[PDB]
Amino acid sequence: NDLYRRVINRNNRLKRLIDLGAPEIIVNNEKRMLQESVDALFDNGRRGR
Amino acid sequence: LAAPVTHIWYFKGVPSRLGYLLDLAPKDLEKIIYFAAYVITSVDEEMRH
Amino acid sequence: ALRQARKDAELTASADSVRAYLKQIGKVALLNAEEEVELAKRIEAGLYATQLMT
Amino acid sequence: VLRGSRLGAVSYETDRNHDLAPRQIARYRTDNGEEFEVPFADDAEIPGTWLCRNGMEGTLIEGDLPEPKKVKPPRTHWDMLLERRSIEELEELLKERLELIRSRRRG
Amino acid sequence: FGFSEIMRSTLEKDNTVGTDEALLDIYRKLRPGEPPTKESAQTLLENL
């Protein structure tokens, strides 16, 4: 539930930033965070801490 | 998802199956999918020539 | 030299997400009060301009 | 000894198949053309819109209801600007910026 | 280390002369990705 909640939290915030029209530094940081949260859901500790 | 995400099983674990299919080194693939470098998806040869 | 040692450290892996973000945001100068006033005036002018245009 | 309950009930009934209440089937359609069937009870009021299996609302397929209206955001950047400026002040700012770009490009 | 042919050989084969150059060579791999500033490179060993 914690891993699924991280995926949902970062996905909803990315939707907010895209419809807010934020700069690409913020949007790319959000996308990289979403990618790392889905990776930690599937296989935790395989890539990184 | 509001942005596409790669599966960790097909990117990371040796041998990198995504790297073998697309012919990219794993170090050059990590930089793309974790937002540290750009990749040229397409080029135009008639207009350039 | 120290130039080349700066640039070779400038393009690296940085496989930690916090460190990558901090390196990315530490590449723009700060602002002073009259510059902030100029930017705010430009924002308001452009916003009224697009409302007027639509 | 630890003893926990996932907070639900288990009933002891015989699952029959014959004497069941009547049902009617509605059909909905989302904004990308998908279609879904929902079994409502026969003595029940069919709603106009339904949240389907894509997670997007679909309108009822029978052309009866003029229901959805505007629920507009009262908070945009233009609204936040307008509550602290005036039209003449913004017009003066716009004309000053226009004169600066005329003096820059044209002069 | 005047008694050691090991130390004389590894002094000759290092191809790096100068304290500032050596501090640069250490700093380039100790904290990779950070630009080498002079005071930070000079105090990295002491504060480590």
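For reference, chains read A, B, C, D and E in written order, and residue numbers begin at 1 within each chain.
The rule is short, and it goes like this: a residue touches a chain if its C-beta (ideal position, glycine included) is under 8 Å from a C-beta of that chain, and two chains touch if they have at least 3 such contacts.
Each step here moves to a touching chain, and the least such steps from chain A to chain D number 2. Central chain by Cα centroid: A, whose mean Cα position is closest to the mean of all protein Cα atoms.
On a Cα centroid basis, the chain most remote from chain D in this structure is E. Centre to centre, using the average C-alpha position, chain B and chain D are separated by 36 Å.
We define each chain's centre as the mean of its Cα atoms; on that basis chain D and chain E are separated by 63 Å. Look at where the CA atoms of chain A average out and do the same for chain B: the two points lie 19 Å apart. Multi-chain contact residues of chain C (touching two or more other chains) are listed as 13-15, 17, 20. Contact with two or more other chains is made by no residue of chain D.
Every pair of chains in contact is given here: A-B, A-C, B-C, C-D, C-E. Residues 27, 30-31, 34, 36 of chain B are the ones that touch chain C when the two sit in their complex. Of all residues in chain A, those touching chain B in their complex are 11, 14-15, 18, 28-29, 31-32, 34-36, 38-39, 42-43, 46-47.
The part of chain E that touches chain C in the complex is made up of residues 24, 27-28, 32-36, 38. Those residues of chain C lying in contact with chain D across their complex are 41-42, 44-45, 47-49, 51-52.
Looking at the complex, you find that chain A touches chain C at residues 25, 29, 32-33, 36, 48.
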